[PDB]
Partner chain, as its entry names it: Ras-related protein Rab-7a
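Read the single chain below, which is given as structure tokens and is the form solved without the partner chain.
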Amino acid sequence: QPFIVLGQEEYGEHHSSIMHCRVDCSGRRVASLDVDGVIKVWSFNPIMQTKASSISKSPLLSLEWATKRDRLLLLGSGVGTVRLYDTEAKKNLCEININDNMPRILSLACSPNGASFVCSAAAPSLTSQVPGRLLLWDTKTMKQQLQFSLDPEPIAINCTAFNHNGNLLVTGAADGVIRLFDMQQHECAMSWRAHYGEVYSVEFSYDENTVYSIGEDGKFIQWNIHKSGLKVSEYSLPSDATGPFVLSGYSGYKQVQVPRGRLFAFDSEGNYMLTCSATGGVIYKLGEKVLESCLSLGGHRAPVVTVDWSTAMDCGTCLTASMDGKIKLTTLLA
């Protein structure tokens, strides 16, 4: 048994399907966002306690904790704006407008060294091949530095992740292409066709020899970071890992969520991966053509649509967030 389950608790303050829930860099605060544009900042250790609440007038699409200033939260809107929110003072410090009408701020990533962040800003969704941009921001001035050219065409970037030092940024796009940016030369080092359909999440492996991706074709793929488009391993996930995520009644009425928040998360050493399913988090060991499901966290009566996995004080915390607005917090020890 890789993990002992110490407890499962429920955070139930959201009354709408969850878009995002991320643990802060200190491993002690959650920021969660639902489809009604309600932001909650909450603690869970030693008890569940709401620290900040606010309903956005404008639609909110993305959420990223600052890396050196634990209390600062970046919020991306659907109206071409990035907000810097102080969770301690419970006030907006900054709102900045993105030029052109690429109003959809789909992705935010803070550099590990705290000096910069990137955001993707996309046109409104009409086809899968809507134009998008990738912007680099300086945290010290909160001013835009540059925009990365995207080849062969401007395209919506769905997901972004920095490596440990912050010299590489991996991206997944609506055209199914993964682009790896050198953040010192500010250029595309590497790009390849990763998925048939949209890329939903990307991450560096612990050892950073590979990047992991999940996409609309239902595939979980591990890529060789030294050889463009060369697969290390590849699995067909069950369909409820990638959606679309559906909550029905007997009304004829249903809610449908295509992935927006992170579809996978990893333990501190990247040996294990948390994924969505209809009834809760499913954890796999990373290493059999059929992938090795070793722990099911359960506890959900509606589809899980986004996950996180945080480790602090030698104790792991799994977030599983479902379309009923419920967030299950499962405590795992090695």
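Positions refer to the first chain, counted from 1. Heads up, when I say rigid core I mean the largest set of C-alphas that superpose within 1.5 Å between the two forms. Only residues modelled in both forms are compared.
Another form exists, deposited with the partner chain bound; not displayed. Remarks below refer to it.
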| property | result |
| --- | --- |
| Every residue of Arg28, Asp70 and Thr81 near the partner chain in the deposited bound form, heavy atom within 4.5 Å | no |
| Distance check, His164 to the partner chain in the deposited bound form, heavy atom within 4.5 Å | yes |
| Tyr235: touches the partner chain in the deposited bound form, heavy atom cutoff 4.5 angstroms | no |
| In the deposited bound form, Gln145 touching the partner chain (heavy atom, 4.5 Å) | yes |
| Contact label in the deposited bound form: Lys254 to the partner chain, heavy atom within 4.5 Å | no |
| Residue stretch of 238-246, 255-263, 203-211, 72-80 approaching the partner chain in the deposited bound form, non-hydrogen atom distance within 4.5 Å | 203-211 |
| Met183, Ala123, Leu108, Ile98 - the one with a heavy atom within 4.5 Å of the partner chain in the deposited bound form | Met183 |
| Selected contact from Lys140, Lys91, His226, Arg193, since only one has a non-hydrogen atom within 4.5 angstroms of the partner chain in the deposited bound form | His226 |
| Single mover in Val232, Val246, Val258, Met142, with Cα shift of 2 Å or more between the shown form and the other one when the core is superposed | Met142 |
| Segments of at least three residues whose Cα atoms shift by 2 Å or more between the shown form and the other one, after superposing on the rigid core | 139-143, 184-187, 312-314 |
